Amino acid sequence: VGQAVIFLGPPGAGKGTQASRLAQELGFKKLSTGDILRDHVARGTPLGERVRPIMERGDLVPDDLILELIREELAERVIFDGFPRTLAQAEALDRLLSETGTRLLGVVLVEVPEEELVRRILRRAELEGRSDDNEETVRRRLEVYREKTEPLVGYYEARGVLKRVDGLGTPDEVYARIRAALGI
């Protein structure tokens, strides 16, 4: 048996930091498909040498390899943050969880009013000296995020596993809501 949690949320909602905190506190392994592969290629592993050519040609790593890496990495307790990105990946992941006896505790969707997300992003940008974030670009990136994520929200809501959480408040307040939503 195992348990999994998936985190979804727009830039500026701080969902990654909450995933990292839930990971550290309850013993979940936070997976990063990108990190695992980079590590494999770095160390020149047999798997790394096989994927190197795909990466150099500018191709994307096939979903079957990403799901294979996740299977090689599943543990009793796992957190996904930044995956799935597509409906095909969501479907494949559900099959993998089912096959490995891993129960999906919930898909956390951190929700924040758009005006606050924009204020937050523009503030951090001003402070860090970034020049790529202006109101227009930020609102557009948020609209793209909404368009790409909506199919996943529908997929999980239909299965009764979506946990919408209020992301306004201190990190501690949002964290408490996530634990309550998950029941852990």
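In case it trips you up, residue 1 is the first one in the sequence shown, and so on.
A.B. asks: Can you let me know which of the two, 63 to 71 or 120 to 128, has the higher average C-alpha B-factor in the entry?
C.D. replies: Between 120 to 128 and 63 to 71, it is 120 to 128 that shows the higher mean C-alpha B-factor.
A.B. asks: Comparing 21 to 29 with 161 to 169, which stretch shows the greater average C-alpha B-factor in the deposited entry?
C.D. replies: For C-alpha atoms only, the mean B-factor is higher in 21 to 29.
A.B. asks: If you rank every modelled residue in this chain by C-alpha B factor, which third holds residue 142: lowest, middle or highest?
C.D. replies: Residue 142: CA B-factor falls in the middle third of its chain.
A.B. asks: By the recorded C-alpha temperature factor, relative to the other modelled residues in its chain, which third is residue 101 in?
C.D. replies: Ranked within chain, residue 101 CA B lands in the middle tercile.
A.B. asks: Just say lowest, middle or highest third for the CA B-factor of residue 76 relative to the other modelled residues in its chain.
C.D. replies: Residue 76: CA B-factor falls in the highest third of its chain.
A.B. asks: Split the chain's modelled residues into thirds by Cα B-factor; is residue 54 in the lowest, middle or highest one?
C.D. replies: Middle third, going by the recorded CA B-factors of the chain.
A.B. asks: Would you mind checking where the Cα B-factor of residue 5 ranks among the modelled residues of its chain, as the lowest, middle or highest third?
C.D. replies: For residue 5, the deposited C-alpha B-factor lands in the lowest third.
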